[PDB]
Amino acid sequence: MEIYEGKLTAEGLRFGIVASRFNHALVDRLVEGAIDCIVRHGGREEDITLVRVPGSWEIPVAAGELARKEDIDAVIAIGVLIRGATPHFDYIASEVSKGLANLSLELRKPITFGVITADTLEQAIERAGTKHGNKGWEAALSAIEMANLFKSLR
Amino acid sequence: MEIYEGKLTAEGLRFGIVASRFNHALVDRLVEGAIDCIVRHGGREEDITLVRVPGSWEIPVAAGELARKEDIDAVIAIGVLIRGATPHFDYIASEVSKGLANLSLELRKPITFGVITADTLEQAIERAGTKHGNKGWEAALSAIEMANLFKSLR
Amino acid sequence: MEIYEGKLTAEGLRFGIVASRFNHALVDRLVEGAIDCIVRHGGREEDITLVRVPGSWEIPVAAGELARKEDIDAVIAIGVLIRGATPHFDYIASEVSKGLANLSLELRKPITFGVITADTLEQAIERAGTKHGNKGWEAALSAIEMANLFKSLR
Amino acid sequence: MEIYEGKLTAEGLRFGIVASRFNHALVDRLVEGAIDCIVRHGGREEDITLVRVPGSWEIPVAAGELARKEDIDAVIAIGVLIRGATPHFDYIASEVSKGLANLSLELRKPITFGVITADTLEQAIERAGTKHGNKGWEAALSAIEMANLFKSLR
Amino acid sequence: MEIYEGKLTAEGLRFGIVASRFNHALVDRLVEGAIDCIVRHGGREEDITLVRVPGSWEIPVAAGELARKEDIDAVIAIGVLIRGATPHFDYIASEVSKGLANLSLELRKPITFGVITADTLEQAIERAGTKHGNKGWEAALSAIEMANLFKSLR
Amino acid sequence: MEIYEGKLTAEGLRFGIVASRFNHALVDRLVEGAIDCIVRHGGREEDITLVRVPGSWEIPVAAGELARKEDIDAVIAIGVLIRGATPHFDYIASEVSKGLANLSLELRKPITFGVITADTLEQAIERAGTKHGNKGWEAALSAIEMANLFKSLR
Amino acid sequence: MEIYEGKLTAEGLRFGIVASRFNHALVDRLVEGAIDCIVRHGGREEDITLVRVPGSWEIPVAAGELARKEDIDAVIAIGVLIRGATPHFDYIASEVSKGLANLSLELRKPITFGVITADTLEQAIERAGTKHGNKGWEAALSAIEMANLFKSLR
């Protein structure tokens, strides 16, 4: 039986991070977590490209630009969505997730989904550094592992 | 009338399995079930490729890499999703299923959906070895049958 | 004004039927209804290709194989989905319907949706031969009418 | 500032109408409304192509055939969906709308959505000639306006 | 074992339709459905005799006149009865059905019962073109099938 | 398509009216309505035969005597039944209606059912000249139309 | 049978619009809708006369002045009435409607009633551009159609 799996060492890997600006206070914590993960797993900060976009709606189109660069091994998508009074939340989150997934399949490159979709502000605060750990860190781990995996798998 | 149907014999077939690492305790049981099915239906374990991915979100992109290998007859996707407090579960499960289906149609190769989507942990425990039988076994049977079917159908 | 419409005569038409094996007791009734419709509207049973697939998840990929055969005029998709305890039903039904629709648009060939999506077993029993008439018969009628329509429309 | 907008004059425009046969009593009223709109806005009835399809499921595939004809300026899709006891309504309406939208984007031609999606029969009766005006008329107006718009825009 | 059954082809068959005038709005839809069925199953409209009667009470006596013509193969009875405030509905529906059945047995000719007996107007609207399909179409199918059956059976 | 229908002109037609004597106050209004209809649609009063019978039970046997006269074109049956305390109402109304229908089928002559079957006196008052129009007038119209119809149909 | 009906083309027609000033915010939207309708149906804006009046009470007397001009084909009356605390609303709306109708009959010229009579402000907002479409547009369509109709009818 052949086993393919990725180590959690980030030596030599190049990363791209797309972070929305809306929900500024929490997206900053998520980005801090992602950079901390990449650096403390052996990666250099000089090998990280950070792209700032106004809202979550533009994360897919910015990730399309980063992910087609040859010198990028994986892309981390970071954003915070909190449900409001209107159904706007549903139609934004669905399109963001769908675009990211379609892009990842199209470009044959791991694009990791580190976007928080919370019903309440309190949940988003939990998932961005407090009791539940930040999805920035979780997404960075996923991206590192897939970047290592695809080196063997390709 | 022409009838096309697949036998349940796994002699000579090559399989690929993509298993997420999240929900480690149950995904291991699902993978055990899938391998047991393939082996006990006549297949060899040396003809199975196992790919481990961090979460369910990356199953489609890893299955895209396995399914384009010529020496793979079918791909079994294995993962466990349990609904949490946030609507994150919906946007993950929808994208995983949609990506797998689109990939299967695109590559003209059977990609079987052995992912558990449970509201509660108790349901997931039921569907992964206990009272309801493991979807790893069910997915392996589906993959074997489609692999045999496409030999006749093509 | 130009009117394009299809007659309900099945002389000379070739059909493909994809039927899942899950919910064996009801899918058999649906297939019986479809074949009865095709035969009693003038079609021959020697001009029908039947493909059996394990579950509803594989209906799109099998229909992709039948529908690209030149000697097939329309494809009838037959399956039964009954909602269970998990949200698995939603993610299966959505992908089956989406795959069938995308395939039909891509191949410019009518693929008729004769899949039962029931909340309860009692509804599925109603819609498969009992009080509400079988969707196998309804789907066969739709396929016959579109097959006749596209002869004029093309 | 450049303003692009379409007049509501139908002189010289060619139209295609796809109408399902299910819910016969109301689809006939919708088609009457659409033809009345086209004729009373200056269009000729000899410049209208009407295609009849069995159910709403086949509207996208028939619209694909009409919309690729060069001598068709816009396509009007007409159908009536009333929610039943099963979730079948959701999976039919979603696929019809998605197919129509994808087709319109693909063919760069306006395909107007004049399909009634009603929870109850009483609502469908309202929206097909009675208190709320028929979506056949509304869809015909939309198609006329886009047909005029694309002449300037292209 | 000898099997006698009728095909659903209407080539060469002659039909008679008796339609009441009461409930004008729905009987017209039922008659449209019946004629559409006969025409789209291969029959000609020149081979259909339509008899209009004031109320449902006179359908049996008019069907007695049509059914004794030699050049009529089957008779379709079309009418709409909606229960009112008085028990008049019972004594009308019972006599209509009894007369039609006795006439059919006496003349050894299929007389198909396409009369709607509804408790409420909403049910009658359902059964005459809307959600439940029109009994005009159902009765026309029954008449076609029996007309084909009696050719073999006699 | 051959259309048979009767005009509403009563020139030259001969009518027979059987009216019960029970419920004298309302049967008189019904008879007035019937005669008014026949006269104002062009018929002469000298061409009307009126037969008075004690109760509704004897209407069928008197109509048997009128309807076998050659110089009678149609027979109008007029009576009023109001439900009492005993089930007598059911067994009278059923037999009256059944006898009239059987007689009409036997003699191949239109016998129109203008009998009021009311649960309460207030309903019978409504249906005999007041808010709901008298069944004498309605029955006379039905008889005129069938008399004209059978001239063409025979 | 002679059919008289008006097309929806506004070429060459001259219009007069009387708009009250009370409920300034909504009357402006209604006037915008009316002018947009006239322009986009082929009419010129140079052929429109706009008269502003203080309240709805003066719309009839101003419409009397416009409608007697020879070079005016139809008059559109635009105003918004919202019920207050006093019965003043009833006595204003009744007189406005009565005056407009009497004027239209007297001058043999179409005067279209595009006045909103709302119980609540929320309804008036609905009917002036939002969910229910603006009565300015509806009234302009009515005026165009009657202006075309009277050309044939006179």
# chains A, B, ... in the order shown; residues from 1 in each chain; ligands from 1
>>> residues_around(residues="segment 46-49 of chain E", least_positions_apart="2", cutoff="6 Å", atoms="only C-alpha atoms", output="VMD selection string")
(chain E and resid 14 to 16 44) or (chain F and resid 1 to 2)
>>> residues_around(residues="segment 70-75 of chain D", least_positions_apart="3", cutoff="8 Å", atoms="only C-alpha atoms", output="CSV table (one decimal) with N, CA and C atoms, in the first residue's frame")
chain,number,residue,atom,x,y,z
D,13,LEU,N,-37.6,42.8,-34.2
D,13,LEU,CA,-37.0,41.8,-33.3
D,13,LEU,C,-37.7,40.4,-33.5
D,14,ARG,N,-36.8,39.4,-33.3
D,14,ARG,CA,-37.3,38.0,-33.4
D,14,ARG,C,-37.1,37.4,-32.1
D,15,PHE,N,-38.2,36.6,-31.7
D,15,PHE,CA,-38.2,36.1,-30.3
D,15,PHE,C,-38.4,34.6,-30.3
D,16,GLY,N,-38.0,33.9,-29.3
D,16,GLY,CA,-38.2,32.5,-29.1
D,16,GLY,C,-38.8,32.3,-27.7
D,17,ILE,N,-39.9,31.5,-27.7
D,17,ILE,CA,-40.6,31.2,-26.4
D,17,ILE,C,-40.5,29.7,-26.2
D,18,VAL,N,-40.1,29.3,-25.0
D,18,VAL,CA,-40.1,27.9,-24.6
D,18,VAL,C,-41.1,27.8,-23.4
D,63,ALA,N,-34.2,25.9,-24.6
D,63,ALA,CA,-33.7,27.2,-24.8
D,63,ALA,C,-32.3,27.2,-25.3
D,66,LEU,N,-33.0,26.9,-29.1
D,66,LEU,CA,-33.4,28.1,-29.7
D,66,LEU,C,-32.4,29.2,-29.7
D,67,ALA,N,-31.7,29.4,-28.6
D,67,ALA,CA,-30.8,30.6,-28.4
D,67,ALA,C,-29.6,30.5,-29.3
D,109,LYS,N,-26.6,36.1,-24.8
D,109,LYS,CA,-27.9,36.5,-25.4
D,109,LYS,C,-28.9,36.5,-24.3
D,110,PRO,N,-29.8,37.5,-24.2
D,110,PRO,CA,-30.7,37.6,-23.1
D,110,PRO,C,-31.7,36.4,-23.1
D,111,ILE,N,-31.8,35.7,-22.0
D,111,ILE,CA,-32.8,34.6,-21.8
D,111,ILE,C,-33.6,35.0,-20.6
D,112,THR,N,-34.8,35.4,-20.8
D,112,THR,CA,-35.6,36.0,-19.7
D,112,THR,C,-36.3,34.9,-18.9
D,143,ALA,N,-37.5,40.9,-22.2
D,143,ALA,CA,-36.9,40.4,-23.4
D,143,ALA,C,-36.8,41.5,-24.5
D,144,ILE,N,-37.9,42.3,-24.6
D,144,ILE,CA,-37.9,43.3,-25.6
D,144,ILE,C,-36.8,44.4,-25.2
D,146,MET,N,-34.1,44.1,-23.3
D,146,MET,CA,-32.7,43.6,-23.5
D,146,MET,C,-32.4,43.5,-25.0
D,147,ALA,N,-33.3,43.0,-25.8
D,147,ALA,CA,-33.0,42.9,-27.2
D,147,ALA,C,-32.7,44.3,-27.8
>>> select_by_dssp(residues="chain B", states="helix (DSSP H, G or I)", output="count of residues only")
77
>>> atom_distance(atom1="atom CA of residue 85 of chain F", atom2="atom CA of residue 122 of chain F")
15.9 Å
>>> interface_residues(of="chain B", to="chain A", cutoff="6 Å", atoms="only C-alpha atoms", output="PyMOL selection string")
chain B and resi 45-46+48-52+54+61+86+88
>>> calpha_fit_and_write(fixed="chain F", moving="chain E", output="PDB file with C-alpha atoms, in the first residue's frame")
ATOM      1  CA  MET E   1     -63.960  18.378 -36.111  1.00  0.00           C
ATOM      2  CA  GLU E   2     -67.744  18.125 -36.003  1.00  0.00           C
ATOM      3  CA  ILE E   3     -69.447  20.253 -33.354  1.00  0.00           C
ATOM      4  CA  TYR E   4     -73.002  19.497 -32.286  1.00  0.00           C
ATOM      5  CA  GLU E   5     -74.699  22.082 -30.106  1.00  0.00           C
ATOM      6  CA  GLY E   6     -78.202  23.408 -29.599  1.00  0.00           C
ATOM      7  CA  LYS E   7     -79.376  26.964 -30.074  1.00  0.00           C
ATOM      8  CA  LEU E   8     -81.592  28.610 -27.466  1.00  0.00           C
ATOM      9  CA  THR E   9     -84.555  29.270 -29.767  1.00  0.00           C
ATOM     10  CA  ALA E  10     -87.828  27.541 -28.921  1.00  0.00           C
ATOM     11  CA  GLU E  11     -89.689  28.065 -32.206  1.00  0.00           C
ATOM     12  CA  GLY E  12     -91.715  25.002 -33.120  1.00  0.00           C
ATOM     13  CA  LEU E  13     -90.778  22.890 -30.101  1.00  0.00           C
ATOM     14  CA  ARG E  14     -93.356  21.050 -28.008  1.00  0.00           C
ATOM     15  CA  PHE E  15     -92.775  20.621 -24.291  1.00  0.00           C
ATOM     16  CA  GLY E  16     -94.207  18.594 -21.445  1.00  0.00           C
ATOM     17  CA  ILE E  17     -94.039  19.691 -17.821  1.00  0.00           C
ATOM     18  CA  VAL E  18     -94.701  17.409 -14.851  1.00  0.00           C
ATOM     19  CA  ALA E  19     -95.138  19.329 -11.600  1.00  0.00           C
ATOM     20  CA  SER E  20     -95.853  17.877  -8.186  1.00  0.00           C
ATOM     21  CA  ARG E  21     -98.446  19.438  -5.908  1.00  0.00           C
ATOM     22  CA  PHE E  22     -96.559  19.068  -2.636  1.00  0.00           C
ATOM     23  CA  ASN E  23     -94.730  22.251  -1.652  1.00  0.00           C
ATOM     24  CA  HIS E  24     -97.439  24.080  -3.557  1.00  0.00           C
ATOM     25  CA  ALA E  25     -96.072  27.549  -2.861  1.00  0.00           C
ATOM     26  CA  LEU E  26     -92.692  26.913  -4.475  1.00  0.00           C
ATOM     27  CA  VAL E  27     -93.679  24.527  -7.251  1.00  0.00           C
ATOM     28  CA  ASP E  28     -95.955  27.254  -8.594  1.00  0.00           C
ATOM     29  CA  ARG E  29     -92.999  29.632  -8.868  1.00  0.00           C
ATOM     30  CA  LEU E  30     -90.929  26.966 -10.600  1.00  0.00           C
ATOM     31  CA  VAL E  31     -93.704  26.322 -13.128  1.00  0.00           C
ATOM     32  CA  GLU E  32     -94.074  30.054 -13.725  1.00  0.00           C
ATOM     33  CA  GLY E  33     -90.359  30.262 -14.428  1.00  0.00           C
ATOM     34  CA  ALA E  34     -90.430  27.330 -16.836  1.00  0.00           C
ATOM     35  CA  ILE E  35     -93.382  28.687 -18.807  1.00  0.00           C
ATOM     36  CA  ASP E  36     -91.828  32.154 -18.882  1.00  0.00           C
ATOM     37  CA  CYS E  37     -88.605  30.708 -20.261  1.00  0.00           C
ATOM     38  CA  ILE E  38     -90.365  28.741 -22.977  1.00  0.00           C
ATOM     39  CA  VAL E  39     -92.534  31.683 -24.015  1.00  0.00           C
ATOM     40  CA  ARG E  40     -89.805  34.325 -23.974  1.00  0.00           C
ATOM     41  CA  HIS E  41     -87.439  32.145 -25.975  1.00  0.00           C
ATOM     42  CA  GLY E  42     -89.921  32.038 -28.861  1.00  0.00           C
ATOM     43  CA  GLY E  43     -92.102  29.073 -27.938  1.00  0.00           C
ATOM     44  CA  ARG E  44     -95.873  29.195 -27.801  1.00  0.00           C
ATOM     45  CA  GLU E  45     -97.848  28.405 -24.673  1.00  0.00           C
ATOM     46  CA  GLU E  46    -100.279  26.357 -26.771  1.00  0.00           C
ATOM     47  CA  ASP E  47     -97.433  23.905 -27.345  1.00  0.00           C
ATOM     48  CA  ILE E  48     -96.955  23.111 -23.646  1.00  0.00           C
ATOM     49  CA  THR E  49     -98.570  20.190 -21.836  1.00  0.00           C
ATOM     50  CA  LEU E  50     -98.763  20.502 -18.051  1.00  0.00           C
ATOM     51  CA  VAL E  51     -99.361  17.442 -15.874  1.00  0.00           C
ATOM     52  CA  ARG E  52     -99.997  17.833 -12.148  1.00  0.00           C
ATOM     53  CA  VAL E  53     -99.142  14.954  -9.819  1.00  0.00           C
ATOM     54  CA  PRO E  54     -99.681  14.680  -6.056  1.00  0.00           C
ATOM     55  CA  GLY E  55     -96.084  14.231  -4.906  1.00  0.00           C
ATOM     56  CA  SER E  56     -92.565  13.962  -6.235  1.00  0.00           C
ATOM     57  CA  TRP E  57     -92.776  10.163  -6.111  1.00  0.00           C
ATOM     58  CA  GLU E  58     -95.116  10.114  -9.114  1.00  0.00           C
ATOM     59  CA  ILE E  59     -93.104  12.443 -11.367  1.00  0.00           C
ATOM     60  CA  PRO E  60     -91.255   9.532 -13.048  1.00  0.00           C
ATOM     61  CA  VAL E  61     -94.413   7.603 -13.871  1.00  0.00           C
ATOM     62  CA  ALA E  62     -96.164  10.695 -15.230  1.00  0.00           C
ATOM     63  CA  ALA E  63     -93.088  11.638 -17.260  1.00  0.00           C
ATOM     64  CA  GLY E  64     -93.170   8.135 -18.705  1.00  0.00           C
ATOM     65  CA  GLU E  65     -96.633   8.861 -20.053  1.00  0.00           C
ATOM     66  CA  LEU E  66     -95.783  12.272 -21.488  1.00  0.00           C
ATOM     67  CA  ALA E  67     -92.402  11.303 -22.933  1.00  0.00           C
ATOM     68  CA  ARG E  68     -93.839   8.488 -25.051  1.00  0.00           C
ATOM     69  CA  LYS E  69     -96.129  10.887 -26.892  1.00  0.00           C
ATOM     70  CA  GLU E  70     -94.698  11.518 -30.345  1.00  0.00           C
ATOM     71  CA  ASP E  71     -95.583  15.226 -30.384  1.00  0.00           C
ATOM     72  CA  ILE E  72     -93.456  15.983 -27.295  1.00  0.00           C
ATOM     73  CA  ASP E  73     -89.865  17.063 -27.870  1.00  0.00           C
ATOM     74  CA  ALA E  74     -88.643  17.208 -24.267  1.00  0.00           C
ATOM     75  CA  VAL E  75     -90.031  16.798 -20.762  1.00  0.00           C
ATOM     76  CA  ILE E  76     -89.365  19.102 -17.811  1.00  0.00           C
ATOM     77  CA  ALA E  77     -89.710  17.563 -14.351  1.00  0.00           C
ATOM     78  CA  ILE E  78     -90.500  20.065 -11.601  1.00  0.00           C
ATOM     79  CA  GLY E  79     -90.786  19.369  -7.888  1.00  0.00           C
ATOM     80  CA  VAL E  80     -89.596  20.498  -4.481  1.00  0.00           C
ATOM     81  CA  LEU E  81     -88.192  18.191  -1.806  1.00  0.00           C
ATOM     82  CA  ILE E  82     -87.249  19.519   1.627  1.00  0.00           C
ATOM     83  CA  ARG E  83     -85.528  17.243   4.113  1.00  0.00           C
ATOM     84  CA  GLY E  84     -87.655  16.383   7.120  1.00  0.00           C
ATOM     85  CA  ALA E  85     -86.967  14.581  10.380  1.00  0.00           C
ATOM     86  CA  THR E  86     -87.029  11.066   8.902  1.00  0.00           C
ATOM     87  CA  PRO E  87     -84.717   9.557   6.274  1.00  0.00           C
ATOM     88  CA  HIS E  88     -87.767   9.566   3.992  1.00  0.00           C
ATOM     89  CA  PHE E  89     -86.187  12.426   2.032  1.00  0.00           C
ATOM     90  CA  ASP E  90     -83.257  10.293   0.894  1.00  0.00           C
ATOM     91  CA  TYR E  91     -85.361   7.379  -0.318  1.00  0.00           C
ATOM     92  CA  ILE E  92     -87.717   9.694  -2.182  1.00  0.00           C
ATOM     93  CA  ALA E  93     -85.082  11.859  -3.875  1.00  0.00           C
ATOM     94  CA  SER E  94     -82.937   8.897  -4.909  1.00  0.00           C
ATOM     95  CA  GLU E  95     -85.854   7.110  -6.550  1.00  0.00           C
ATOM     96  CA  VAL E  96     -87.130  10.230  -8.307  1.00  0.00           C
ATOM     97  CA  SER E  97     -83.717  10.994  -9.787  1.00  0.00           C
ATOM     98  CA  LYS E  98     -83.027   7.368 -10.708  1.00  0.00           C
ATOM     99  CA  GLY E  99     -86.400   6.937 -12.384  1.00  0.00           C
ATOM    100  CA  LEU E 100     -86.017  10.131 -14.385  1.00  0.00           C
ATOM    101  CA  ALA E 101     -82.532   9.174 -15.563  1.00  0.00           C
ATOM    102  CA  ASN E 102     -83.511   5.617 -16.489  1.00  0.00           C
ATOM    103  CA  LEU E 103     -86.559   6.911 -18.343  1.00  0.00           C
ATOM    104  CA  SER E 104     -84.492   9.445 -20.269  1.00  0.00           C
ATOM    105  CA  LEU E 105     -81.999   6.790 -21.348  1.00  0.00           C
ATOM    106  CA  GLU E 106     -84.766   4.331 -22.252  1.00  0.00           C
ATOM    107  CA  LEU E 107     -86.858   6.700 -24.362  1.00  0.00           C
ATOM    108  CA  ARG E 108     -83.905   8.475 -26.037  1.00  0.00           C
ATOM    109  CA  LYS E 109     -85.575  11.770 -25.234  1.00  0.00           C
ATOM    110  CA  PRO E 110     -84.296  14.583 -23.002  1.00  0.00           C
ATOM    111  CA  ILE E 111     -85.998  14.635 -19.611  1.00  0.00           C
ATOM    112  CA  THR E 112     -84.627  17.559 -17.659  1.00  0.00           C
ATOM    113  CA  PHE E 113     -84.246  17.421 -13.877  1.00  0.00           C
ATOM    114  CA  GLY E 114     -85.686  20.585 -12.366  1.00  0.00           C
ATOM    115  CA  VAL E 115     -86.355  19.199  -8.891  1.00  0.00           C
ATOM    116  CA  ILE E 116     -85.157  21.095  -5.819  1.00  0.00           C
ATOM    117  CA  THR E 117     -83.616  18.931  -3.097  1.00  0.00           C
ATOM    118  CA  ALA E 118     -83.068  21.200  -0.103  1.00  0.00           C
ATOM    119  CA  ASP E 119     -81.939  20.529   3.447  1.00  0.00           C
ATOM    120  CA  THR E 120     -83.864  23.546   4.728  1.00  0.00           C
ATOM    121  CA  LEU E 121     -86.879  25.554   3.649  1.00  0.00           C
ATOM    122  CA  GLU E 122     -84.676  28.639   3.362  1.00  0.00           C
ATOM    123  CA  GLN E 123     -82.548  27.012   0.653  1.00  0.00           C
ATOM    124  CA  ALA E 124     -85.650  25.979  -1.282  1.00  0.00           C
ATOM    125  CA  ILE E 125     -86.934  29.535  -1.112  1.00  0.00           C
ATOM    126  CA  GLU E 126     -83.572  30.731  -2.438  1.00  0.00           C
ATOM    127  CA  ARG E 127     -83.649  28.345  -5.375  1.00  0.00           C
ATOM    128  CA  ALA E 128     -87.227  29.046  -6.472  1.00  0.00           C
ATOM    129  CA  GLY E 129     -87.295  32.646  -7.657  1.00  0.00           C
ATOM    130  CA  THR E 130     -85.199  34.440  -5.046  1.00  0.00           C
ATOM    131  CA  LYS E 131     -81.372  34.970  -4.791  1.00  0.00           C
ATOM    132  CA  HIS E 132     -80.355  31.837  -6.703  1.00  0.00           C
ATOM    133  CA  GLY E 133     -82.789  31.873  -9.627  1.00  0.00           C
ATOM    134  CA  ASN E 134     -85.470  29.267 -10.190  1.00  0.00           C
ATOM    135  CA  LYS E 135     -84.649  25.764 -11.323  1.00  0.00           C
ATOM    136  CA  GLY E 136     -87.803  25.954 -13.393  1.00  0.00           C
ATOM    137  CA  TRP E 137     -86.068  28.495 -15.615  1.00  0.00           C
ATOM    138  CA  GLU E 138     -82.824  26.538 -15.578  1.00  0.00           C
ATOM    139  CA  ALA E 139     -84.588  23.288 -16.494  1.00  0.00           C
ATOM    140  CA  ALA E 140     -86.540  24.982 -19.268  1.00  0.00           C
ATOM    141  CA  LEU E 141     -83.291  26.282 -20.753  1.00  0.00           C
ATOM    142  CA  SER E 142     -81.753  22.819 -20.576  1.00  0.00           C
ATOM    143  CA  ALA E 143     -84.796  21.281 -22.246  1.00  0.00           C
ATOM    144  CA  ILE E 144     -84.811  23.873 -25.029  1.00  0.00           C
ATOM    145  CA  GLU E 145     -81.123  23.355 -25.712  1.00  0.00           C
ATOM    146  CA  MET E 146     -81.402  19.558 -25.813  1.00  0.00           C
ATOM    147  CA  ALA E 147     -84.499  19.716 -27.986  1.00  0.00           C
ATOM    148  CA  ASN E 148     -82.560  21.808 -30.487  1.00  0.00           C
ATOM    149  CA  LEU E 149     -79.518  19.547 -30.157  1.00  0.00           C
ATOM    150  CA  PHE E 150     -81.354  16.309 -30.886  1.00  0.00           C
ATOM    151  CA  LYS E 151     -82.806  17.737 -34.086  1.00  0.00           C
ATOM    152  CA  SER E 152     -79.275  17.975 -35.472  1.00  0.00           C
ATOM    153  CA  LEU E 153     -77.996  14.851 -33.717  1.00  0.00           C
ATOM    154  CA  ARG E 154     -80.820  12.741 -35.171  1.00  0.00           C
TER     155      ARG E 154
END
>>> select_by_dssp(residues="segment 2-152 of chain A", states="strand (DSSP E or B)", output="number ranges by chain")
A: 2-4, 15-20, 48-53, 74-82, 111-118
>>> write_last_selection(atoms="N, CA and C atoms", output="compact mmCIF listing (two decimals), in the first residue's frame")
# COMPACT_ATOMS: atom_id res chain seq x y z
N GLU A 2 0.57 2.17 -0.91
CA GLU A 2 1.29 3.43 -0.98
C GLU A 2 0.56 4.48 -0.16
N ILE A 3 1.29 5.14 0.74
CA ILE A 3 0.73 6.18 1.58
C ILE A 3 1.35 7.50 1.16
N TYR A 4 0.50 8.46 0.83
CA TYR A 4 0.93 9.82 0.56
C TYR A 4 0.42 10.73 1.67
N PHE A 15 4.11 31.03 0.14
CA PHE A 15 2.70 31.11 0.47
C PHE A 15 2.11 32.43 0.01
N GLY A 16 0.82 32.40 -0.28
CA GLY A 16 0.07 33.61 -0.57
C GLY A 16 -1.13 33.69 0.36
N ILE A 17 -1.37 34.88 0.89
CA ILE A 17 -2.46 35.10 1.84
C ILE A 17 -3.33 36.21 1.28
N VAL A 18 -4.63 35.95 1.18
CA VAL A 18 -5.60 36.96 0.78
C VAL A 18 -6.48 37.23 1.98
N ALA A 19 -6.49 38.47 2.45
CA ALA A 19 -7.22 38.84 3.66
C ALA A 19 -8.14 40.00 3.34
N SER A 20 -9.41 39.87 3.69
CA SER A 20 -10.34 40.96 3.50
C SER A 20 -10.11 42.04 4.56
N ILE A 48 6.34 35.07 1.94
CA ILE A 48 4.90 35.19 2.08
C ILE A 48 4.44 36.43 1.33
N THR A 49 3.41 36.27 0.51
CA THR A 49 2.79 37.38 -0.20
C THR A 49 1.42 37.64 0.40
N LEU A 50 1.19 38.86 0.85
CA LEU A 50 -0.07 39.24 1.48
C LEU A 50 -0.82 40.19 0.57
N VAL A 51 -2.07 39.86 0.27
CA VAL A 51 -2.93 40.68 -0.56
C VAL A 51 -4.14 41.08 0.25
N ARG A 52 -4.40 42.38 0.32
CA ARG A 52 -5.53 42.91 1.08
C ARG A 52 -6.64 43.29 0.11
N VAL A 53 -7.85 42.85 0.41
CA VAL A 53 -9.00 43.12 -0.44
C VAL A 53 -10.08 43.77 0.42
N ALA A 74 0.94 27.47 -2.19
CA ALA A 74 -0.43 27.35 -1.72
C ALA A 74 -0.94 28.73 -1.37
N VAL A 75 -2.26 28.87 -1.32
CA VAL A 75 -2.91 30.14 -1.05
C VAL A 75 -3.82 29.97 0.15
N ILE A 76 -3.73 30.90 1.10
CA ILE A 76 -4.55 30.90 2.29
C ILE A 76 -5.54 32.05 2.18
N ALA A 77 -6.83 31.73 2.25
CA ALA A 77 -7.89 32.72 2.16
C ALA A 77 -8.40 33.01 3.56
N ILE A 78 -8.40 34.28 3.94
CA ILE A 78 -8.72 34.70 5.29
C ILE A 78 -9.78 35.78 5.22
N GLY A 79 -10.87 35.60 5.96
CA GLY A 79 -11.92 36.59 6.03
C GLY A 79 -12.86 36.25 7.15
N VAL A 80 -13.68 37.22 7.52
CA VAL A 80 -14.66 37.06 8.59
C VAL A 80 -16.01 37.51 8.09
N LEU A 81 -17.00 36.63 8.18
CA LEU A 81 -18.38 36.94 7.84
C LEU A 81 -19.24 36.73 9.07
N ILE A 82 -20.02 37.74 9.43
CA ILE A 82 -20.95 37.65 10.54
C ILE A 82 -22.34 37.93 10.01
N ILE A 111 -5.89 25.71 -2.21
CA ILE A 111 -6.36 26.99 -1.70
C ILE A 111 -7.16 26.69 -0.45
N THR A 112 -6.63 27.10 0.69
CA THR A 112 -7.21 26.69 1.96
C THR A 112 -8.22 27.73 2.44
N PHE A 113 -9.31 27.23 3.02
CA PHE A 113 -10.48 28.03 3.36
C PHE A 113 -10.41 28.41 4.84
N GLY A 114 -9.86 29.58 5.12
CA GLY A 114 -9.76 30.06 6.48
C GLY A 114 -10.70 31.21 6.77
N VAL A 115 -11.93 31.12 6.28
CA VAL A 115 -12.92 32.17 6.42
C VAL A 115 -13.87 31.79 7.54
N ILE A 116 -14.13 32.72 8.45
CA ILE A 116 -15.05 32.50 9.56
C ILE A 116 -16.44 32.92 9.12
N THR A 117 -17.40 32.01 9.25
CA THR A 117 -18.80 32.29 8.97
C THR A 117 -19.56 32.10 10.28
N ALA A 118 -19.87 33.20 10.94
CA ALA A 118 -20.46 33.18 12.27
C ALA A 118 -21.86 33.77 12.27
